[PDB]
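# structural data only, the sequence is not supplied:
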Ligand SMILES: Nc1nc2c(ncn2[C@H]2C[C@H](O)[C@@H](COP(=O)(O)OP(=O)(O)OP(=O)(O)O)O2)c(=O)[nH]1
Ligand SMILES: Nc1nc2c(ncn2[C@H]2C[C@H](O)[C@@H](COP(=O)(O)OP(=O)(O)OP(=O)(O)O)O2)c(=O)[nH]1
Ligand SMILES: [Mg+2]
Ligand SMILES: [Mg+2]
Ligand SMILES: [Mg+2]
Ligand SMILES: [Mg+2]
Ligand SMILES: [Mg+2]
Ligand SMILES: [Mg+2]
């Protein structure tokens, strides 16, 4: 039921907010814009670590583009939905801008829990507990708590950052429940690991300490259970599909364009792989009148994004009933007519950009930096009577369980930028 | 008896030197001035490590100021003492300048055994043997020798530096016995640890290898025993109180002034905490005519130092008999009327200067530097057949017991400046 999916509740509320008596979905955008976690995204790795103030993307600019594309997708889908179910507007009072606001707010914050150095950073944080110092804690934690530690993802960290309670400020940013539902793409815990081939089962979305919180949200939105066991799991919110589609479109095209502009990909491929996407709307005279690679690739990027957005809207509207029922098992991008072109673009990006020498060098350095910082924090946690551990506490982190302390350490390491992490690493070693 | 406390003996002497047949107490000043250990004090930490050639103090300038204040205190106390005991001048032949010379010489060398990076350096050297590599030696040493290693202080190292025998030069600097007595403030060994609440029992003053030497000195000056056990301990030399008073006055006031000049303390506090000390002699017109913070704080510092010096002289002359008997249990500064102001100044200095971010960064770096250098020296000591250990010996240290070798390693690390230690650390790691 769509009347329960578009909820306006906030954490710690007793009177039900109504749409007629209102806007809630724009304050979420404003609150995310003005927060420190969002501001820390300006110097976090998207693909190339330590961007050197070049023209390449960071996490912040990527999130902004995903937000624009998400607003467009949400507006179109909301128009079609309001056409399909008239009573959503004539009784409850929902307009087609609310869907755009929800998807834009969710897409702006979709990537906020990521640590420095990107995917390699998450792998390093996991390997620290798996085959490093943190291994010593294995006997002192529940299997669900250990699987949280050794398979750390930014998806759970983002939910925690968004919904963190502190003395005097309950609920953290206190976003609406619809935004939280559209933000979550893996509504399950860390065990069991990969129970099936469903798209919503690749990873997990919340930690144990936050688990209870999500239950509340999942009760309010009327999500559909899938547990059939002692481990909880729910079905996806329908707008989470749109969030994922926007994320995928943006990074797939922009990575290719950035690699072309950097000199790692020849310009010819730009027309070898993209023409079928842009052939139906390209103006040949305008394309031929341009005189630099940047203009041509920008033109192609704009046309491709438009085409993919339209196709994604059509695909979503086709399989709406299955998504509402919970039986859909793929993403909207896998039901597309240009899957071969996307696959070729991704494979070329993997061969040329992800495995380039400079990228590998930066990832190797990031492994060492993260391991050193985590080991210092953990050793200061174990013994708190020495002078050195007091100094470490004063520099890095100015009544809890062991699991809560370890989660706090992981969270505090992941709020740093690449530059701050490198500077602290050099300071620890006195260089 | 004061005739035995003002002794002119030197190490390796058989004919008793007499005051009538003389000056001995000034050659000590000259010999300390011209020695390499005194010259190494120019680049050693007082409060802020790696001073960056700023206006802040180092160990050398601090020692010079302590020497000036000590000369003043000694001159005043010697005048009053010669007034009290006439026979000290009419028979033996002691003038009021001898006390000033003794206190000045002792105060100039009071701080010569300190390692690089200050207090954090001593803590690092101790922690290396406590919870580091050096722990392996615990089973091979006597409990008194291990407590020397794990509670390393600069007070014992200074005595060793002053009285070190080498082939062709016995006695080291060969200072007079009165100067050595006034230099020592903790005449006891490293065990037992803190037997009481006496001021002279907080730490220890000599190592085991030097123990016999001090006994000789303690026999010549007629110090009073306090052992009542198998572990030796004596009472303090009376002029050691004056040395300690001068040290305390100087660092307490100058730390505050330096923090004000650096921008870490607001100027208002300068008059909130100091007025009662300077209110009885301050000229208001001169204070108001000045136009910079530096001039005002310098004026206040001068007035405060004068007031505290006078009060300390009065306090010493009040409790003279108890100090001579050995029953005095506090310092001269705790019997003062401005204890609350001193306590407030010290607490503000701890909150603002000792715990500032830059200071913590430098201390954290110093821990790593000292640990690396000590581990290299110890590993070269254990195995001496490898090529690498021969290289280490040639770079760092171009028939003894294990304890003597470990003490020598600790001494050789503590003669380095901060810059030399950092340069050697970088060279070891090839950066
Ligand atoms: N350097 C580097 N970048 C990578 C690698 N794998 C993926 N990336 C980049 C490509 C994209 O810019 C970005 C994709 O991360 P996102 O968090 O936006 O989504 P992703 O689909 O990777 O995962 P998620 O939805 O969070 O489970 O990461 C890799 O192995 N190395
Ligand atoms: N950075 C830093 N400086 C400190 C700390 N504690 C004391 N200091 C500084 C303040 C003074 O400038 C200086 C005092 O050392 P001294 O060797 O002159 O005498 P202290 O009374 O500390 O000890 P002592 O008579 O040697 O047992 O050390 C600390 O925790 N951090
Ligand atoms: Mg992500
Ligand atoms: Mg994804
Ligand atoms: Mg993204
Ligand atoms: Mg000292
Ligand atoms: Mg002291
Ligand atoms: Mg001193």
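Okay, I see it. Numbers count the residues shown, from 1 in each chain, chains lettered A, B, ... in the order given. Ligands and ions are numbered 1, 2, ... in the order given.

# what helices and strands are in contact with the strand or helix carrying residue A:101?
Using DSSP states H and E, the element containing residue A:101 is helix A:96-108. Packing partners of helix A:96-108 (3 or more C-beta pairs under 8 Å, 6 or more residues apart in numbering or on different chains; DSSP states H and E): helix A:24-33, helix A:59-84, helix A:177-183, helix A:238-262. The way it works is simple: take the backbone N, C-alpha and C, and place the C-beta from them, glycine included.

# is that helix up against ligand 5 anywhere?
No: contact of helix A:96-108 with ligand 5 is not found when judged by C-beta under 5 Å from the ion; the minimum separation is 8.2 Å.

# residues in contact with the closest residue to residue A:210 other than its chain neighbours?
Closest residue to residue A:210 apart from its sequence neighbours, by C-beta to C-beta, 6 or more residues apart in numbering or on different chains: residue A:160 at 5.4 Å. Counting by C-beta atoms under 8 Å, 6 or more residues apart in numbering or on different chains, residue A:160 touches A:113, A:206-207, A:209-210, A:407, A:411.

# what do you get if the cut-off is 10 Å, keeping everything else the same?
A:113, A:172, A:206-207, A:209-210, A:213, A:407, A:410-411 (C-beta atoms under 10 Å, 6 or more residues apart in numbering or on different chains).

# and residue A:176, by the same measure?
A:6-11, A:17, A:24-25, A:27-28, A:101-102, A:105, A:182.

# give me phi/psi at residue A:402?
Here is the backbone geometry of residue A:402 (degrees, to the nearest 10): phi -60, psi -40.

# wait, it touches residue A:136, no?
No: in this structure, residue A:402 is not within contact of residue A:136 by C-beta atoms under 10 Å, at 11.2 Å.

# now for those two: what residues contact both?
Shared contacts of residue A:402 and residue A:136, defined by C-beta under 10 Å, 6+ apart, are not found at any residue.

# in CSV: the contacts of residue A:160, plus distance to residue B:62.
Shown next, in CSV, are the contacts of residue A:160 (distance: C-beta to C-beta, whole Å):
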residue, distance to residue B:62
A:113, 50
A:172, 50
A:206, 57
A:207, 53
A:209, 51
A:210, 54
A:213, 57
A:407, 46
A:410, 44
A:411, 44
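
# let's see which of the residues you listed end up in helices.
Members of the contacts of residue A:160 lying in helices (criterion: DSSP state H): A:213, A:407, A:410-411.

# residues from the stretch 151-300 of chain A in reach of ligand 5?
Counting by C-beta under 5 Å from the ion, the stretch 151-300 of chain A sits next to ligand 5 at residue A:247.

# who in the stretch 151-300 of chain A is up against ligand 1?
A:155, A:203, A:247, A:251, A:255 (C-beta under 6 Å from any ligand atom).

# residue A:222 - that's part of a strand, no?
No: under DSSP: H, G, I helix; E, B strand; the rest coil, residue A:222 sits outside any strand and is assigned coil.

# ok, now how distant is it from residue A:1?
Look at residue A:222 and residue A:1: by C-beta to C-beta, to the nearest Å, they are 6 Å apart.

# residue A:131 now?
As judged by C-beta to C-beta, residue A:131 and residue A:1 stand 47 Å apart.

# point me to the residue of chain A nearest ligand 2.
Proximity of chain A to ligand 2 (C-beta to the nearest ligand atom) peaks at residue A:387, 8.8 Å away.

# who's in contact with that residue?
Per C-beta under 10 Å, 6+ apart, neighbours of residue A:387: B:119-120, B:123-124, B:126-127, B:363, B:367.

# tabulate those residues in a markdown table, adding columns for distance to ligand 2, neighbour count and secondary structure.
Shown next, in a markdown table, are these (distance: C-beta to the nearest ligand atom, whole Å; neighbours: other C-beta atoms under 10 Å in any protein chain shown; DSSP: H, G, I helix; E, B strand; the rest coil):
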| residue | distance to ligand 2 | neighbour count | secondary structure |
| --- | --- | --- | --- |
| B:119 | 5 | 16 | helix |
| B:120 | 7 | 24 | helix |
| B:123 | 9 | 21 | helix |
| B:124 | 13 | 25 | helix |
| B:126 | 14 | 19 | helix |
| B:127 | 15 | 19 | helix |
| B:363 | 7 | 24 | helix |
| B:367 | 13 | 22 | helix |
